[PDB]
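Close look at the chain arrangement
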Amino acid sequence: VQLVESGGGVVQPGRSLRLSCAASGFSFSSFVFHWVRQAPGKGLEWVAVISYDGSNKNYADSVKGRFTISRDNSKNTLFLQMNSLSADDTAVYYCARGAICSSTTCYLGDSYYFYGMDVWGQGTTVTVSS
Amino acid sequence: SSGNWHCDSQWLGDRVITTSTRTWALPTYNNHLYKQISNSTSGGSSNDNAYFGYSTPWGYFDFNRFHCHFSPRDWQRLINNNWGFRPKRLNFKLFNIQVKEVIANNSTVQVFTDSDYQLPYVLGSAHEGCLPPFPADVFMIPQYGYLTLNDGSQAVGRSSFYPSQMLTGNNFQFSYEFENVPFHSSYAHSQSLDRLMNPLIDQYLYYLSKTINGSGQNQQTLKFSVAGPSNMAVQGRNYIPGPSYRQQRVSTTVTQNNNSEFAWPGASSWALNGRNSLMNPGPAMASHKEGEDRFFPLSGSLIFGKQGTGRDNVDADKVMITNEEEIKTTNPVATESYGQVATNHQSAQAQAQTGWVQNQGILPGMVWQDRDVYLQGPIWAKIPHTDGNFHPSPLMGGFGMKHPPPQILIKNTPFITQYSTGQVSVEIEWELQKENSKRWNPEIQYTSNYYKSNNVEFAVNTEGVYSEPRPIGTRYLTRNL
Amino acid sequence: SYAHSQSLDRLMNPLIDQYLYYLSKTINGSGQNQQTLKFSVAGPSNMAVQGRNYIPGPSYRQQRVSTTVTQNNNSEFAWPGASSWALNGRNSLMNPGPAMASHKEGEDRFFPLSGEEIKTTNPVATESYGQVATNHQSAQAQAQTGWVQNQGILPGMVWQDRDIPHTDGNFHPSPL
Amino acid sequence: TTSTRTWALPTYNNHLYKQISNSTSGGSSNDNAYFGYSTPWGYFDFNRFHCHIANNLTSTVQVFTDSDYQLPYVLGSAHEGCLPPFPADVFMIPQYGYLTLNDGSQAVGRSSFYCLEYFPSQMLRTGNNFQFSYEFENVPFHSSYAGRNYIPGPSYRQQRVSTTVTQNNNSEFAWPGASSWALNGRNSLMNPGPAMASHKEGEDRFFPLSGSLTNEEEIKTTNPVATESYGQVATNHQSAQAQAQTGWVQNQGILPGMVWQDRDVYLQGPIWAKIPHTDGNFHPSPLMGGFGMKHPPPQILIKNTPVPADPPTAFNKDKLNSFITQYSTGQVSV
Amino acid sequence: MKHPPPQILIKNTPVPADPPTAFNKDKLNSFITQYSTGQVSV
Amino acid sequence: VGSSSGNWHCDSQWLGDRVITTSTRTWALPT
Amino acid sequence: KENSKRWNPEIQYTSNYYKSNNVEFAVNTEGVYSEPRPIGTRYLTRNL
Amino acid sequence: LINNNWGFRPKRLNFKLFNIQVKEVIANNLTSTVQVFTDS
Amino acid sequence: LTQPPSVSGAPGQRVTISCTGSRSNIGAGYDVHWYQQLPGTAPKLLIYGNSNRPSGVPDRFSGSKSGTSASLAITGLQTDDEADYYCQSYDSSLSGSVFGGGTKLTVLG
C-alpha cells in the first residue's frame, strides 16, 4: 500500500499549480481522501476533504474557493488543483486516505467524519515566495 | 369540488389525529390486461429467485409508512414525550377525481376495498409506492400484482388466479377500525437484565467456587460461595435474554473487513422448500455492544437509502442504516453467540466440554424488545392465517394485525389513451401512553443541530428537492425494567 | 382444513422495489487490499434477500428414507439413525414429531422416517432449517456458517399442524 | 397466615445517596461491571415462604410504598434480608440500592438516577402506625404433587458434578465449564435456568453444576435431565454411498406439542417475581421458582428522618453534614 | 395590530401530465401549463 | 408530642395546562 | 402550549449519550449533588 | 417543561410548616415554641 | 482543540497529554483520533477511534475521552517515544476537522 505526491515547486505569489496524488495497492474507490497541509513549525492543518466518487467536497474555510479538488477513479489518482496562492500557503502537503469514523455517525456513513487517516503520503514542499 | 385539502396534526390528551392530503396520478397498467409473470420472463437462473404470479391493471394505495402521517416536528413532539403509541381508527377519502385523454378532459375510475382480505395482501412487505413525505409532492400510484404457488418458473395445480364503486364529481370514502394491538414500545430500559439486583445485599443462594483443593494429584473438592455483590455474574436470576439467530459482523470501516466476497456465502438464512432465503431483518437483536459502534449485523438491520440514491451498486455513504442499540439490555447482540452449554459429562478421566450456542429458540423466562420503528419505516403488517403463531409482531417492526388496514384497489375504466389524477386524504388516529417516570436527571431526546449549515435538515434544497437526512427511531425515553 | 395458494417467502408484490437495501458486494475483486462495501436495492429480480416480516415454523430434523431400496444405504439404520428424545435415561423415538413437509417439492419418492401441503409455511422434515454465522469475518479468517438442524420458536414464526396432560405449561397443545 | 416480628433500622450512608461501582471494589472482570446507586432508605423483604442510648419522642420515621413500580425492584433477585422464619427473632432491615446502565463501570448518559425523597411518603412519630392492603393479581396454582402426542420440555444442558469428589475431574471447572448466556458482551452464569430434573433416576449422587440452588427430581416424568441432551437429530442425508449420521441436541427451544413442569417452591425459597415490562415473553414464571407477576407486592421503603445537630450562629450555605445519631425500632405484621 | 387581518394564501392545484406506463417512484416533474383567474371582493 | 403533624410530600403532576410541583425539605434554625 | 406547524424538528434539550465517570444532575461518590451546567428555557422556536 | 412549552407562569402558592422539634445544648426541649408568620 | 506547548517526562515513567475541546468539537461525542510523527517524517495514525490501538502498535500507548477533553497516557516511556503528537477531532460548526495545536514530548533521559 502506497500513497505519493508530485507537482510541488516554486510558485511565487499569485499563480496556480496543480498538485496530484497517484495511489496503488488498495481499491481507490472504497476510501475517502484528505489533504493535510503542514507549515514547518506549525501543527497539521487540514486543507480539504473529498468523498468517494467525488460527489461531495467540503473545503476548509481558509482555502475556500481558491482551491479545487478532482478525483479520477479510473487511473487511481487524487488531483488537488489550487488557485491564487499567497505566501501564507507555503508548506508541505500530505495526501491522506480516510477510513476510521467517529463512532455514533458510522451508520450514516457520510463523506465527512472519516477524519481517521490510517496511512498517508510522503508529502511535497510547495514554496510560494517571490 | 368534491373535497378539500386536509393536512394537520391534532394533539389531544392521550390521542393524536394525523391527516395527510396528497395529489396523485394513475395511468393504465398492462394496457387494460391481466398477464402472467414469472422468473423465466427475466430468465430466472436462480432457484432462490424463482417466482410465479400475475400482473394486473389495478393500482393500490400504500400509506403504510410512518413518514406519510407524521411531519418531522410531530415525530419529534411524539417520540420525546411518550412511552408508546398505537393506531385506533383509520379514515380514508378519495375526492376531486379528474380524467384525462391523450391532453383533454373527459369517464369513471373504479375503486374498492377488500374487507374480507380475500385478495393477496402485498402491503406488509415494505414496497415503494408510499405517499410522498413532503405534502407538495405528487405520487404516481404503483401497479398491483401478486405471486402464488410455483415449481421452478411453472405454476402448479393449487395456484390461484384473481364489485367496485364507479366514479368526475363523485367521491369515495370508507372508515376502518384497527383491532386491539399492544403499544409499540418507545423507550430504553435503564437497567440491563443481569443488573436488576440490589448491589448492597447478599443473596442467600450458593454457587460452587472451587472444584479442586490446589495444585497436585487427587485435589478434587467442593467449595461453595455466597452469591453476592463482589461477584455478580454467578447470581441466580429469574429471567433470561430473548431469542437469537446469529448474524455475521460487518465492519463499516472497509479495511477491517475480509478481502473476499462474503455477501451471500457468509449470510444467515432460513430454508423453505429447497429455496434458501436470507434472514432479513430477522429477530430483534442489538446491532453492536457498547464500545464498538462501527460494526453492524449483516441483515439484522433495516437499510434505507438517501434521496437521489437508487437501484444497483450504490456507495456506502448513500444508504442510511438503522440502529438497534437500545435493546441491548434485554437481548443478545446480533453478531454474538447466545451463550454456552456443556457438550459432555465430566468423568475423572475427561475435562468438561462447552459449545457455543449459535441460535436459541424460546425458553421459559425469555423476555425481549421488538424491532424499533422508524419515521421512514412501515407501520403495520398482516399476520398470516395459520394454525398457530408466536408473538405475531412483524420482524421489520410495527404492529402485527390479523385484520390490518384493507387494501384499496383502483383502476381506470377502459382503446383511448387515458389517465386519472385525483386527491387523497387519509386520517389515522393514535392512542398515546404518557411518560410517568420519576427519574431525576434529564433524558436523551431528539434535537436538531443548532450550528450553522448550508441547509436545513428536513427541508428542501435550492432545486426544490426534499430529503430526509437520517433514520429516526421511536425509543428515546427510559423506563425501569 | 385447507392449503395455502402462497408460499411464505413469495408474499411480496412482484412489480415493486422495496425501499430496503442490502449488502450486494463485499469484495471489488481480483486483488489484495481490494475490499469495498456496495449496497443495492432489494427488488423483484433478486427475491432471496428482501426483508420479510414472518419466518417459517419450527423444525426438528427427520432422517430421510426412500421407497426404492437401492437409493437407501446398504445397512440397517432404523434405530441407530433415528431422531429421538431422552427422558429419564430412556430413549424414545420421535413420532410423528412436529409438523414438517414430508418431502421437497418435485420429489415424491422420499419420506420422513417418523414423519405435504404444509410445505409453504413449514421446513421440509429432512432439510436443515437454515444457516448461522459461527464467527466474525475479520481479515485473518473468512466468514463461516453452521447448519441448524432443529430450531425452536422465534417471534415471527408461523406454522401448520398435522392434517392435554396436566402440567405447569404447554405450547401449542394441539396433539402431535 | 399472619406474621409479626421486630425490626431495628439504622442510619445508612449518613443519610446520603452515594454513587457506587466496581471501581470501589476494583472490578477485575468485565462480567461483574456495574454502575448504580445506594440509598439511605431501607426496605422490608418478606418474599420467602418461611416468613409466613435515650428516647427521642419527636424524631420521626419515613415510610412509603411505591405502588407505581417506579423504582428498581430488587425483591425478585432472591436477596437475603428476609424476615426470620422463627417468630421470636429480631432482624435488621437491608439497605436499599439498585443498578443502571453502564459501559464498563462508567455510566452511559441513559443511566437513571432516582431520589427516593422525591416520592410522597408518610412520616411517623412513636405513636403513629402504618398499614396498607395489597391485592394479588391472578396467578396459576402452584402444583404440589409428583406414537405419542406430547414431548418433554426444554433443555439447556448443565455439566454434571458428583457429590463424592473422586468422581469429579481434577481441574477447576466451576466457571470455565459452566453454562452461561451473553448480554452485550458480558457473560452471565446460567442459574438455575430452565426447570429440569436434577439427575437420572437411579443416580442420586449427581447434581447440575449451576442448575440447582435441593433436587427437582420429582419432575423427571415430564422434564428431561439437566445434565443430559434433549435428544438426537439427523445431521445429514443417508444414501447408498453415505451412511446416516446424527448429532446430539444440547439446547432445545420450545416446540409445539411440548409439556413441562415448572420449578418447585421450598419453605426457604422465594414466592413472587416481577415480570419485566417489555414487548414479549414466554412462560413468565420465574426460573428460581415461585409465582410470576407483573404487579408483585410493592416495595416498602423506610428510613429515619435525619435530625441535624447544632448549626452555627453564622450562616453557612453548605448542606449540614453533622447529624444526631439516631435509630428506630418497632413491630411489623404481615 | 397583534392580530391583523390573516394572510390569505392561494394557489392552483397542480395537474400532472401523462404519467409513464411502468411505475416510477420519483415525484412528478411534468405539469400542464396553466393559470387561474377570478373575482375578489373585499 | 407523639403525633405527626404532616407527611412528606414531594412530587409533580402534569395536568392539562397546569403543572403542580411539591417540594419538601428539612431545615435547621439556630439563634 | 405550542400550536407551531413548523415542519423541521426543534432544538431540544438532551443528556449527551456517551460513557462518563458520573451522571449529570446526580451524586458523586461522596454524595455531593451537582448541577453541571446552567439550563435556559428557550429551545422551541416561534415566528417573530 | 422547557422542551414542550412556549410559556409558564406561577398561579398559586401553598406553604406548610410541621414536625417542629426544639433542641438544647443535645436533648428534646418539649415546651419551647417557634415564632412563625408571614407579612401579607 | 488546544494542546500543551510542551510536555516533558523522564524515561521509565508515565507521561500524559490532553487536548481540551469545545462543544462544536468534542461535545457532540465525535471520536478523537491521535497521531504521532517522528520529526521530519510522515505522521502515523496512533490511536484510531476513542481508545483503540491498531495492529502494529505498542500496548503501552493508551488514550481515552471524557467530558470534552480527551487524554493520552503513555506508559513505560521509551526513547523512540520522543516525537510530535497531534489531537484531531471533528468540529460541528466549522463542518471540517480541526487538528490540535501540536505537542512535543520530551524524554528527559
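Residues numbered from 1 in each chain as written, not as in the entry; some residues may be left out. Chains lettered and ligands numbered in written order. Part of a larger assembly, values for the part shown. Heavy atoms only, no water. Residues with missing side-chain atoms left out of burial classes, pairs and counts.

With the PDB entry as reference, chain I is termed Fab1-3 light chain, source organism Homo sapiens. Recorded in the entry header as its title is "Fab1-3 in complex with the capsid of Adeno-associated virus type 9".

Under the PDB entry, the name given to chain E is Capsid protein VP1, and the source organism is Adeno-associated virus.

The next subject is the arrangement of the chains. Spatially, chain C and chain H are disjoint, and the shortest separation between their C-alpha atoms is 33 Å. Taking C-alpha atoms only, the smallest gap left between chain E and chain H, which are not in contact, amounts to 17 Å. (Contact = heavy atoms within 4.5 Å.)

Attention shifts here to the sheet that holds strand β25 (residues 366-368) of chain B. Strand-to-strand pairing in sheets goes through backbone hydrogen bonds, with the strands running parallel or antiparallel. Within the open sheet, the 3 strands sit side by side as β16(B)-β25(B)-β18(D). Their pairing is mixed. Single-partner strands in this sheet number two, and they are β16 (240-241) of chain B together with β18 (280-281) of chain D. (Pairing = 2+ DSSP bridges. Helix = DSSP H or I, 4+ residues; strand = E, 2+ residues; numbered from the N terminus.)

For the rest of this paragraph, the subject is helix α1 (residues 72-79) of chain B. For α1(B), the buried fraction is high: 8 of the 8 residues fall into the buried class. Where α1(B) is concerned, the buried positions are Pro72(B), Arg73(B), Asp74(B), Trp75(B), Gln76(B), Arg77(B), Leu78(B) and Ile79(B). (Buried < 20%, exposed > 50% of the residue type's maximum accessible area, 1.4 Å probe, protein only.)

With that settled, the discussion passes to the packing of aromatic side chains. For the structure on display, the rule yields 68 aromatic pairs over all chains. Measuring from centroid to centroid gives 5.0 Å for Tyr113(A) and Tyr90(I), while their planes differ by 80°, and the two rings are edge-to-face. Linking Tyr113(A) in the loop between β7 (91-98) and β8 (117-120) with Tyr90(I) in strand β7 (residues 84-90), this pair reaches from one chain into another. Since its relative accessible area comes to 4%, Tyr90(I) is described here as buried. Aromatic ring contacts, followed pair by pair, group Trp24(B), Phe61(B), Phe63(B), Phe92(B), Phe172(B), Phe174(B), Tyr176(B), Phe178(B) and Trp380(B) into a single cluster. One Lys or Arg, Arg65(B), reaches over the ring of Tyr19(C) and ends 4.0 Å from the middle of that ring. (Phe/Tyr/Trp six-rings, centres within 6.5 Å; stacked < 30°, edge-to-face > 60°. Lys NZ or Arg CZ within 6 Å of the ring centre and 35° of its normal.)

The subject of this paragraph is the interface of chain D and chain B. Each partner contributes residues to the interface: chain D has 106 residues there, and chain B has 100 residues. Carbon and sulfur atoms supply 54% of the area that chain D and chain B bury against each other, a total of about 9100 Å² over both sides. With a closest N to O distance of 3.3 Å, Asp194(B) and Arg186(D) form a salt bridge. If you list the elements that add at least two residues to the side of chain D that touches chain B, you get β3 (35-43), β6 (95-100), β9 (160-162), β10 (180-183), β11 (186-189), β15 (251-252), β17 (272-274) and β18 of chain D. With 6 residues, β6(D) is the single largest residue contributor to the side of chain D that touches chain B. Residue composition of the side of chain D that touches chain B, by class: 49 nonpolar, 44 polar and 13 charged. For strand β22 (residues 339-342) of chain B and β10(D), the ladder comprises 2 bridges, and the chain directions are antiparallel. Paired with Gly339(B) across the bridge in β10(D) is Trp181(D). (Buried area = accessible area lost by both parts, 1.4 Å probe. Salt bridge = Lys/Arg side-chain N within 4 Å of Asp/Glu carboxyl O. Nonpolar A, V, L, I, M, F, W, Y, C, P; charged D, E, K, R; others polar.)

A word on the state of the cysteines. Residues and elements named next belong to chain A. Evaluation of the coordinates by the stated rule reveals 3 disulfides over all chains. Disulfide pairing places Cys21 opposite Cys95 at an S-S distance of 2.0 Å. Its S-S torsion of about -80° marks the bond between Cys21 and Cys95 as left-handed, since a negative value means left-handed. In this pair, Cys21 is assigned in strand β2 (residues 18-24) and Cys95 in strand β7, connecting sequence segments 74 residues apart. (Disulfide = S-S within 2.5 Å.)

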